[PDB]
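**Student:** Structure in structure tokens, see below.
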Amino acid sequence: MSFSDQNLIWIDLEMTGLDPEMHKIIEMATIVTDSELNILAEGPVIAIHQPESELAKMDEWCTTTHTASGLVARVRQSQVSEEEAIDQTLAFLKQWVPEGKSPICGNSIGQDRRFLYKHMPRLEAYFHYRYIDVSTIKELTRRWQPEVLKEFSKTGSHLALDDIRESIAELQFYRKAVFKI
Ligand code: NA
């Protein structure tokens with residue numbers, strides 16, 4: 001419909017930890033916005049099954065966070081593998097954005113990309129090599145006019161779709177608060 005090589009692909013992952021070589025993806029969510037950040041479509045929100053041996057690598061922060069959110073129960077009950085999650089996500093993205101055109105968009109999105117390179121390279125390849133990291137703007141704003149940041153707050157639930165919605169909201173806030181274009 002609104003298919004455009006200017007559209008942006010937003011992605012957030014939840015993982016069993018911070019190390020792509022040791023840990024696994026347990027949730028993924030995608031959103032497509034147009035170039036002006038209007039949300040066009042939300043993609044699959046997928047809890048990815050992992051065995052107990054992989055959930056058992058989670059430290060206290062990860063265990064308590066993902067248990068309290070309900071994600072661990074969803075992971076245990078899920079019948080979706082990484083490969084199937086890639087397939088669902090690509091089938092969604094191909095309807096909205098051409099391959100290789102959108103930077104990867106989110107907060108500290110380089111971390112998600114590391115997990116995509118390791119565990120979902122077919123999906124990593126769908127992105128342009130660049131990064132749209134909303135936290136770049138967060139960090140520059142903290143240094144250049146930190147009182148701006150008290151006008152915006154996040155819930156931070158570590159439910160992947162809600163968190164990527166907050167990433168988009170953060171950039172929308174910066175568009176009005178710190179940009180003049
Ligand atoms: Na994240």
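Letters A, B, ... mark the chains of the structure tokens in the order given; residue numbers begin at 1 per chain; ligand numbers begin at 1, in order shown.
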Determine, for each residue of chain A having at least one atom at most 8 Å from an atom of ligand 1, the closest pair of atoms and their separation in Å to one decimal, counting only C-alpha atoms and all ligand atoms; order by chain and ascending number, as CSV.

**Tutor:**
```
residue,atom,partner,partner_atom_place_in_ligand_line,distance
A:12,CA,ligand 1,1 (Na),5.0
A:13,CA,ligand 1,1 (Na),5.8
A:14,CA,ligand 1,1 (Na),6.8
A:106,CA,ligand 1,1 (Na),7.2
A:107,CA,ligand 1,1 (Na),6.0
A:108,CA,ligand 1,1 (Na),6.8
A:109,CA,ligand 1,1 (Na),6.8
A:111,CA,ligand 1,1 (Na),7.8
A:112,CA,ligand 1,1 (Na),6.8
A:158,CA,ligand 1,1 (Na),7.6
A:160,CA,ligand 1,1 (Na),7.3
A:163,CA,ligand 1,1 (Na),7.0
A:164,CA,ligand 1,1 (Na),7.4
```

**Student:** Write a file of the just-selected residues containing N, CA, C and O atoms, as a compact mmCIF listing (two decimals), in the first residue's frame.

**Tutor:**
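Final file, part_26.txt:
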```txt
# COMPACT_ATOMS: atom_id res chain seq x y z
N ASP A 12 12.87 -4.51 17.89
CA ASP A 12 13.34 -4.71 19.25
C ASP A 12 13.36 -6.21 19.53
O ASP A 12 12.42 -6.93 19.18
N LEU A 13 14.44 -6.67 20.16
CA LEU A 13 14.59 -8.06 20.58
C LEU A 13 14.67 -8.14 22.09
O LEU A 13 15.14 -7.21 22.75
N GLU A 14 14.18 -9.25 22.64
CA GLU A 14 14.53 -9.66 24.00
C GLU A 14 15.38 -10.91 23.90
O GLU A 14 15.19 -11.74 23.00
N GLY A 106 16.00 1.81 16.24
CA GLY A 106 15.62 1.50 17.60
C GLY A 106 16.51 2.24 18.58
O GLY A 106 17.10 3.26 18.23
N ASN A 107 16.61 1.71 19.80
CA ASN A 107 17.47 2.27 20.86
C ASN A 107 18.64 1.33 21.09
O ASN A 107 18.44 0.15 21.39
N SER A 108 19.87 1.86 20.99
CA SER A 108 21.09 1.05 21.10
C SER A 108 20.98 -0.18 20.20
O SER A 108 21.35 -1.31 20.57
N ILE A 109 20.48 0.07 18.99
CA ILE A 109 20.09 -0.94 18.04
C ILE A 109 21.27 -1.75 17.52
O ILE A 109 21.08 -2.84 16.95
N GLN A 111 23.13 -3.41 19.42
CA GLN A 111 23.08 -4.66 20.17
C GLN A 111 22.13 -5.66 19.51
O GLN A 111 22.47 -6.84 19.34
N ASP A 112 20.92 -5.22 19.15
CA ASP A 112 20.01 -6.10 18.43
C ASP A 112 20.65 -6.62 17.16
O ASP A 112 20.51 -7.80 16.82
N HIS A 158 10.06 -4.17 28.70
CA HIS A 158 10.74 -5.29 28.05
C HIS A 158 9.76 -6.26 27.42
O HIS A 158 10.06 -7.45 27.24
N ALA A 160 8.62 -6.52 23.78
CA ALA A 160 9.35 -5.96 22.63
C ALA A 160 8.51 -4.95 21.85
O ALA A 160 9.04 -3.92 21.42
N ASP A 163 8.20 -1.68 23.82
CA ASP A 163 9.44 -0.93 23.91
C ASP A 163 9.79 -0.28 22.57
O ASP A 163 10.32 0.84 22.55
N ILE A 164 9.52 -0.95 21.44
CA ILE A 164 9.84 -0.29 20.18
C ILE A 164 8.85 0.84 19.90
O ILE A 164 9.21 1.86 19.30
```

**Student:** Please return, as a tab-separated table (two decimals) with C-alpha atoms, in the first residue's frame, all residues of stretch 44-90 of chain A that DSSP assigns to alpha helix (DSSP H) on the basis of the backbone.

**Tutor:**
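Okay, part.tsv is ready:
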```
chain	number	residue	atom	x	y	z
A	52	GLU	CA	15.20	-24.83	29.67
A	53	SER	CA	18.95	-25.30	29.19
A	54	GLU	CA	19.01	-21.94	27.39
A	55	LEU	CA	16.62	-20.19	29.78
A	60	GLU	CA	18.89	-12.56	37.99
A	61	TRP	CA	18.08	-9.42	36.00
A	62	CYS	CA	16.96	-11.41	32.96
A	63	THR	CA	15.11	-14.07	34.94
A	64	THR	CA	13.13	-11.59	37.03
A	65	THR	CA	12.47	-9.21	34.12
A	66	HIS	CA	11.25	-11.81	31.65
A	67	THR	CA	9.34	-13.83	34.25
A	68	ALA	CA	7.44	-10.82	35.59
A	71	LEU	CA	7.58	-13.53	28.46
A	72	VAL	CA	9.11	-16.67	30.00
A	73	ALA	CA	5.72	-18.39	30.08
A	74	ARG	CA	5.15	-17.37	26.46
A	75	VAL	CA	8.58	-18.70	25.47
A	76	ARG	CA	7.94	-22.04	27.18
A	77	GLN	CA	4.58	-22.38	25.43
A	82	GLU	CA	14.08	-18.65	15.04
A	83	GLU	CA	13.77	-19.76	11.41
A	84	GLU	CA	9.97	-19.57	11.50
A	85	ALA	CA	10.18	-16.14	13.19
A	86	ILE	CA	12.49	-14.94	10.41
A	87	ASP	CA	10.04	-16.24	7.80
A	88	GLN	CA	7.07	-14.46	9.41
A	89	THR	CA	9.00	-11.22	9.81
A	90	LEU	CA	10.32	-11.17	6.23
```

**Student:** Quick one: distance from atom CA of residue A:40 to atom CA of residue A:125 in Å, one decimal?

**Tutor:** 21.9 Å

**Student:** As a ChimeraX atom specification, please: all residues of chain A that backbone DSSP puts in strand (DSSP E or B).

**Tutor:** /A:8-15,25-33,39-47,104-106,131-133

**Student:** Show which residues sit within 9 Å of residue A:21, as number ranges by chain. Count only C-alpha atoms, and ignore same-chain residues fewer than 3 positions away.

**Tutor:** A: 24, 115, 118

**Student:** Give me a file of those residues, with N, CA and C atoms, as a compact mmCIF listing (two decimals), in the first residue's frame.

**Tutor:**
```
# COMPACT_ATOMS: atom_id res chain seq x y z
N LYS A 24 20.43 -16.22 23.57
CA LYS A 24 19.48 -16.51 22.51
C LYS A 24 18.42 -15.42 22.46
N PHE A 115 22.81 -9.63 17.59
CA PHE A 115 22.05 -10.86 17.71
C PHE A 115 21.47 -11.29 16.37
N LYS A 118 24.21 -13.03 14.31
CA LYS A 118 24.57 -14.35 14.81
C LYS A 118 23.45 -15.36 14.62
```

**Student:** As a list in words, please: the residues near residue A:173 (cut-off 12 Å, only C-alpha atoms, same-chain neighbours under 3 positions excluded).

**Tutor:**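 After dropping sequence-adjacent residues, the list is residues 37, 134, 137, 138, 141, 148, 149, 150, 151, 152, 153, 154, 166, 167, 168, 169, 170, 176, 177, 178 and 179 of chain A.
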
**Student:** Restricting the calculation to only C-alpha atoms, which member of A:31, A:161, A:41, A:58 is positioned closest to residue A:18?

**Tutor:**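 The answer is A:58, which sits nearest to residue A:18.
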